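Visitor: Take a look at this one; I'll ask things after.
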Amino acid sequence: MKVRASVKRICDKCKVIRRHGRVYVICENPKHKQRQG
Amino acid sequence: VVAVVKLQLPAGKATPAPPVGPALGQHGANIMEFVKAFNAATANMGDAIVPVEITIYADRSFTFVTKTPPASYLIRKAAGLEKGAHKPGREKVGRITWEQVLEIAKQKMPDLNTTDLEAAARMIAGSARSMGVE
Amino acid sequence: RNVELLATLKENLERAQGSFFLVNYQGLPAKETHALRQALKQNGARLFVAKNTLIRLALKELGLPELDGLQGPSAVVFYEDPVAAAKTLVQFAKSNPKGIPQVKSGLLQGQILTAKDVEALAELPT
Amino acid sequence: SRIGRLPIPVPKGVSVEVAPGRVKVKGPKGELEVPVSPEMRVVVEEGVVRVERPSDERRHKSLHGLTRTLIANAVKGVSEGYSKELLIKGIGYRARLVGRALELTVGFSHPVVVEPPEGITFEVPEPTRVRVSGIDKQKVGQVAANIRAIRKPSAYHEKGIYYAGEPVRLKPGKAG
RNA sequence: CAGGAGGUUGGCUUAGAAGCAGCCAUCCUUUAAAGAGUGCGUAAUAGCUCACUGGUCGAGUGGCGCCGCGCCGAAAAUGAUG
């Protein structure tokens, strides 16, 4: 789910990781699988 | 050796369509359809959350009895609890008249955590807020 | 948050007298080993019966309370149970069997004080 | 590695680490070395082992916890070994032991076979269940995942090779 | 890593909230501090993590009133480069 902003965490148990340059958001929920690159 | 599971019925009603089906039928039980039995003990006591030692032996001993309902409910029920149909906002003449609160919060205070000497001075803080009157 | 309060009151609830002990009992939901812990108002009367300040917080707060430094339970969990708050004369026998006749290693105790010195852990249970 | 520093009790095997490349602790059959970095020179000591840092720069305190916990797990496995266990559900299809590699019946229509590395550890004591053991830990996990990589997930329905402590979900399909 | 003391057991709905179905509730006992009980949920429950802790352990860990420098947002048409 590549949005270029709106990487604001919404599932209340997600958390944000930077890795190899990109920004990923990982919850325990496959609906929210954001990455902004 | 038969283990017990903690439950609670509805309060006031007797029907056990789902209550006496898969709920208890899952762990272990016997015979069901206790309209006859739950009206024999539900009607004489309870509008106020009634919890009795739920035993699942073989439905041989008639239930009926009736344990003294717990604290907040058996203080706060006889106002009507009339609202709730629309939205939650402690309305519908939810005024209870504190003297009536004392005569519902009255002799029936036997079984609680180690004491309650008077439930119309300190337990009313739980009762009135949980009902809606702040 | 806590800085001037807490201790200034948990040590006051521990220093009503000098006949405390230690305690720990832990795993279930709240009211029926509040049977044992709150029917320390039955075997006693509303005592700070493990009112549970902390340890290391109570351990360098009890210098300010000056209760002889009963530092035995720097090991496995310390309550610093102040059984002297209502009646510390016979409540130890009622508090030992409350955790003894239950699930395995229910209520472990640590140190104890016999109102003038520190009582031993091997003689506190017996 | 901690908020402070930690002792590393050592038994059975010894140490050494004179080459500098990687320090070592092998037990009865253990010769598992570790490729540890340059300086952060570890100290050879008595029956307990500790570790250093020259400062609190976010290079040295980054290497610090890895430098401890990459020796602290090397000292443990060479005397008993690690293990990882592997459950497998299904409607009647199991693994067997034709040689020392292992077959499976999933939809190649008879055979699925995969070969283990030098840490060979096939052992079946049931009917379909299997577990992997050995000396290492970084290569136990990838072999116990290469076994998983054949018919790995299960989405709608209870099937599939699993792990042991996973509560893996379900959701209905047509009706239910 | 070890632990979550049940009067917290609905008010409509009780076919079912017992925080963890659809609605605010902003109390008390007592102790490992409290869960006015944040999440996974089905028929409620069952249980698990810490959003609390004592244990364990011991000294640099959670946000910013602001700046200095950087990162993704950034796709062409004969072979490339400041």
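All residue names refer to the structure tokens as shown: chains lettered A, B, ... in order, residues numbered from 1 in each chain, ligands numbered from 1 in order.
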What's the 7 Å shell around stretch 76-87 of chain C, counting only C-alpha atoms (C1' of nucleotides), without same-chain residues fewer than 6 positions away, as a ChimeraX atom specification?
Guide: /C:14,16-24,44-45,47-52,54-55,110 /E:54-55
Visitor: I need the chosen residues saved as a PDB file, in the first residue's frame, with C-alpha atoms (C1' of nucleotides).
Guide:
ATOM      1  CA  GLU C  14       4.650   0.853  57.807  1.00  0.00           C
ATOM      2  CA  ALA C  16       2.784   2.509  63.117  1.00  0.00           C
ATOM      3  CA  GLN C  17       4.872   0.005  65.109  1.00  0.00           C
ATOM      4  CA  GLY C  18       7.873  -2.243  64.535  1.00  0.00           C
ATOM      5  CA  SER C  19       6.574  -5.801  64.037  1.00  0.00           C
ATOM      6  CA  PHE C  20       6.573  -6.218  60.254  1.00  0.00           C
ATOM      7  CA  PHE C  21       7.494  -9.132  57.930  1.00  0.00           C
ATOM      8  CA  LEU C  22       7.548  -9.802  54.169  1.00  0.00           C
ATOM      9  CA  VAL C  23       5.011 -11.371  51.779  1.00  0.00           C
ATOM     10  CA  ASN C  24       4.174 -12.278  48.120  1.00  0.00           C
ATOM     11  CA  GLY C  44      -6.822  -8.846  61.838  1.00  0.00           C
ATOM     12  CA  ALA C  45      -8.554  -5.491  61.267  1.00  0.00           C
ATOM     13  CA  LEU C  47      -4.048  -3.567  58.717  1.00  0.00           C
ATOM     14  CA  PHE C  48      -1.336  -2.454  56.290  1.00  0.00           C
ATOM     15  CA  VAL C  49      -0.909  -6.158  55.892  1.00  0.00           C
ATOM     16  CA  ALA C  50       1.479  -5.903  52.962  1.00  0.00           C
ATOM     17  CA  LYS C  51       0.306  -2.443  51.934  1.00  0.00           C
ATOM     18  CA  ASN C  52       3.225  -2.798  49.461  1.00  0.00           C
ATOM     19  CA  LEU C  54       8.082  -1.361  47.056  1.00  0.00           C
ATOM     20  CA  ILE C  55      11.533  -2.749  47.546  1.00  0.00           C
ATOM     21  CA  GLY C 110      10.880 -13.093  53.856  1.00  0.00           C
TER      22      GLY C 110
ATOM     23  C1'   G E  54       8.235  -6.073  43.913  1.00  0.00           C
ATOM     24  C1'   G E  55      10.420  -9.515  41.819  1.00  0.00           C
TER      25        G E  55
END
Visitor: Would you pick out the contacts of stretch 22-24 of chain A at 9 Å or less, using only C-alpha atoms (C1' of nucleotides), so that residues sharing its chain but fewer than 3 positions from it are not included, and give the list as a ChimeraX atom specification?
Guide: /A:7,15-19,33-37 /E:71-72
Visitor: Would you work out the distance separating atom CA of residue B:134 from atom CA of residue B:108, expressed in Å to one decimal?
Guide: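 Result for atom CA of residue B:134 versus atom CA of residue B:108: 23.7 Å, one decimal.
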Visitor: For residue D:35, work out the shell of residues within 10 Å, counting only C-alpha atoms (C1' of nucleotides) and skipping chain neighbours fewer than 6 positions away, then give it as a PyMOL selection string.
Guide: chain D and resi 20-24+70-71
Visitor: Between atom CA of residue B:12 and atom CA of residue B:120, what is the distance, to one decimal in Å?
Guide: 24.7 Å
Visitor: Give me the residues near residue B:71 as a ChimeraX atom specification, where near means some atom within 10 Å (using only C-alpha atoms (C1' of nucleotides)) and where sequence neighbours in that chain fewer than 4 positions away do not count.
Guide: /B:48-49,75-76,105,108-112,116,119,123-124,126-127 /E:7
Visitor: Any chance you can output those residues with N, CA and C atoms (P, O5', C5', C4', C3', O3' and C1' of nucleotides) as a PDB file, in the first residue's frame?
Guide:
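As written to disk, result_22.pdb reads:
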ATOM      1  N   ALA B  48     -31.668  -7.475  39.778  1.00  0.00           N
ATOM      2  CA  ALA B  48     -30.515  -6.779  40.304  1.00  0.00           C
ATOM      3  C   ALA B  48     -29.269  -7.650  40.229  1.00  0.00           C
ATOM      4  N   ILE B  49     -29.042  -8.275  39.078  1.00  0.00           N
ATOM      5  CA  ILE B  49     -27.881  -9.136  38.891  1.00  0.00           C
ATOM      6  C   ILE B  49     -27.802 -10.201  39.979  1.00  0.00           C
ATOM      7  N   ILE B  75     -28.375  -2.145  45.207  1.00  0.00           N
ATOM      8  CA  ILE B  75     -28.645  -0.781  45.649  1.00  0.00           C
ATOM      9  C   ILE B  75     -29.454  -0.015  44.596  1.00  0.00           C
ATOM     10  N   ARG B  76     -29.047  -0.077  43.319  1.00  0.00           N
ATOM     11  CA  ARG B  76     -29.434   0.965  42.366  1.00  0.00           C
ATOM     12  C   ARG B  76     -30.562   0.599  41.401  1.00  0.00           C
ATOM     13  N   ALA B 105     -30.909   0.235  49.799  1.00  0.00           N
ATOM     14  CA  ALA B 105     -29.579   0.032  50.371  1.00  0.00           C
ATOM     15  C   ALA B 105     -29.809   0.131  51.871  1.00  0.00           C
ATOM     16  N   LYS B 108     -30.058  -5.924  53.146  1.00  0.00           N
ATOM     17  CA  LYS B 108     -29.423  -6.893  52.251  1.00  0.00           C
ATOM     18  C   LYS B 108     -28.010  -6.422  51.910  1.00  0.00           C
ATOM     19  N   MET B 109     -27.076  -6.699  52.816  1.00  0.00           N
ATOM     20  CA  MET B 109     -25.665  -6.557  52.467  1.00  0.00           C
ATOM     21  C   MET B 109     -24.761  -7.661  53.031  1.00  0.00           C
ATOM     22  N   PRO B 110     -25.102  -8.971  52.874  1.00  0.00           N
ATOM     23  CA  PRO B 110     -24.367  -9.992  53.641  1.00  0.00           C
ATOM     24  C   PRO B 110     -22.975 -10.363  53.121  1.00  0.00           C
ATOM     25  N   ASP B 111     -22.808 -10.543  51.810  1.00  0.00           N
ATOM     26  CA  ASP B 111     -21.675 -11.272  51.237  1.00  0.00           C
ATOM     27  C   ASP B 111     -20.908 -10.405  50.238  1.00  0.00           C
ATOM     28  N   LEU B 112     -19.766  -9.890  50.673  1.00  0.00           N
ATOM     29  CA  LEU B 112     -18.973  -8.999  49.848  1.00  0.00           C
ATOM     30  C   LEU B 112     -17.524  -9.170  50.303  1.00  0.00           C
ATOM     31  N   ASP B 116     -19.259  -4.957  54.459  1.00  0.00           N
ATOM     32  CA  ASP B 116     -19.791  -3.619  54.194  1.00  0.00           C
ATOM     33  C   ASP B 116     -20.769  -3.299  55.312  1.00  0.00           C
ATOM     34  N   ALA B 119     -23.997   0.370  53.118  1.00  0.00           N
ATOM     35  CA  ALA B 119     -23.807   0.471  51.680  1.00  0.00           C
ATOM     36  C   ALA B 119     -24.528   1.671  51.084  1.00  0.00           C
ATOM     37  N   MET B 123     -20.797   2.735  49.195  1.00  0.00           N
ATOM     38  CA  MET B 123     -21.056   1.950  47.991  1.00  0.00           C
ATOM     39  C   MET B 123     -21.949   2.689  46.999  1.00  0.00           C
ATOM     40  N   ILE B 124     -22.602   3.766  47.443  1.00  0.00           N
ATOM     41  CA  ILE B 124     -23.381   4.602  46.543  1.00  0.00           C
ATOM     42  C   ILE B 124     -22.507   5.344  45.546  1.00  0.00           C
ATOM     43  N   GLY B 126     -20.121   3.937  43.887  1.00  0.00           N
ATOM     44  CA  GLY B 126     -20.095   3.038  42.754  1.00  0.00           C
ATOM     45  C   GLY B 126     -21.449   2.934  42.086  1.00  0.00           C
ATOM     46  N   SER B 127     -22.498   2.817  42.914  1.00  0.00           N
ATOM     47  CA  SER B 127     -23.859   2.590  42.422  1.00  0.00           C
ATOM     48  C   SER B 127     -24.341   3.739  41.538  1.00  0.00           C
TER      49      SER B 127
ATOM     50  P     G E   7     -16.018 -13.357  43.434  1.00  0.00           P
ATOM     51  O5'   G E   7     -16.686 -11.901  43.449  1.00  0.00           O
ATOM     52  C5'   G E   7     -16.496 -10.994  44.538  1.00  0.00           C
ATOM     53  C4'   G E   7     -17.698 -10.097  44.763  1.00  0.00           C
ATOM     54  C3'   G E   7     -18.222  -9.334  43.557  1.00  0.00           C
ATOM     55  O3'   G E   7     -18.923 -10.086  42.593  1.00  0.00           O
ATOM     56  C1'   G E   7     -18.062  -7.835  45.312  1.00  0.00           C
TER      57        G E   7
END
